[PDB]
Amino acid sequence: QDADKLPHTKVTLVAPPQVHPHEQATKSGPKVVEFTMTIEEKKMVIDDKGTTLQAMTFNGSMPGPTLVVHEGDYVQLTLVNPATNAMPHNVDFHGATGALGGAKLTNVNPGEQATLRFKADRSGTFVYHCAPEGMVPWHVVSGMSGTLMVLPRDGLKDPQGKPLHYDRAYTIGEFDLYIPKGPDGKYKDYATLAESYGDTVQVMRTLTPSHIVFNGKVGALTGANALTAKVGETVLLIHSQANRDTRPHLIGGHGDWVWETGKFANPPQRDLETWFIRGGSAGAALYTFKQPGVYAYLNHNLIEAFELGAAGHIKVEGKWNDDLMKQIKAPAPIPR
């Protein structure tokens, strides 16, 4: 169908780690689905010792919100760059065809907006990110990425074509940060975004992140802000990394069905311990919880997780199952 003649619908976005309400399988025909995002440059505290990032975001968050459509829909995004920002921006959708993903059609200076339409003709989770000419990696590593999820119109399927269904979706964006230090060994704090540029590029070129965080900060997905679920619930875990490889793992769980390359027309793999998200992509995993407790969800380079920040928690309610796992003898003195 010609998109100029199709019905339009508007979606209200929600902040990560939630995902806006949506259908999996649907009876709906194709639609032009309208979204708006507003760019916010801001200084953010990213660790427990007061380190700051001169950050750049879609809609005030790292990652930007997840956009959900169905295969055959059109995405119609209005991108707003308020006059309170200092830098130009744009958007590159890996789900889109042409014009550098849309970047060439969405160059907005402070004080400007633009509106882009494209056909979501391929199912999967896809990264979107900012990409302004001459300063592409800086904008990405400072926070400007998120996920577009294009569901098959009849929902997710296993390798045999059986239906898969989730009860809740969560979105995790992983950010390799390059925070400069000065000659006193302390991280630098900058008064403006532009002042941070040259020092940051030098750190970038070492390919060694200072921090690697989920969702904007060390510990972002812990404490009051842990993810939640119940025994018997099936969760979809969307994981994006716009710049650098990562290897997700659920401690005490599995990826029941995983699309590590993120593209739903391909059969998923089962029973994964650890999967692989290529830098520049988003992938997705399903898991049905079978045990209660506080799980960790992390990058299984354990230095990247525990030392640099790439780890969160999932607090799961319900009944413990001794068939799956039992403590036969608690820690006690070695028999003599």
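Residue indices: 1-based, along the sequence shown. Only the largest set of C-alpha atoms that superpose within 1.5 Å between the two forms is called the rigid core.
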property: Stretch departing more from the displayed form, 179-187 or 256-264, Cα RMS in 4 other deposited structures of this protein (core fit); result: 179-187
property: Stretch departing more from the displayed form, 219-227 or 206-214, Cα RMS in 4 other deposited structures of this protein (core fit); result: 219-227
property: Average Cα temperature factor in the PDB entry - higher stretch of 180-188, 237-245; result: 180-188
property: Greater mean Cα temperature factor according to the PDB record, 169-177 or 149-157; result: 149-157
property: Of the residues 77, 96, 212, 224, the one carrying the largest Cα B-factor as recorded; result: 224
property: Most elevated Cα B-factor in the entry, residues 310, 282, 44, 272; result: 44
property: Chain-wide C-alpha B factor ranking for residue 64, given as lowest, middle or highest third; result: lowest
property: Ranked C-alpha temperature factor of residue 57 among modelled chain residues, by third; result: lowest
property: Chain third (lowest, middle, highest) by recorded CA B-factor, residue given as residue 48; result: highest
property: Chain-relative CA temperature factor third for residue 230; result: highest
property: Chain-relative CA temperature factor third for residue 262; result: lowest
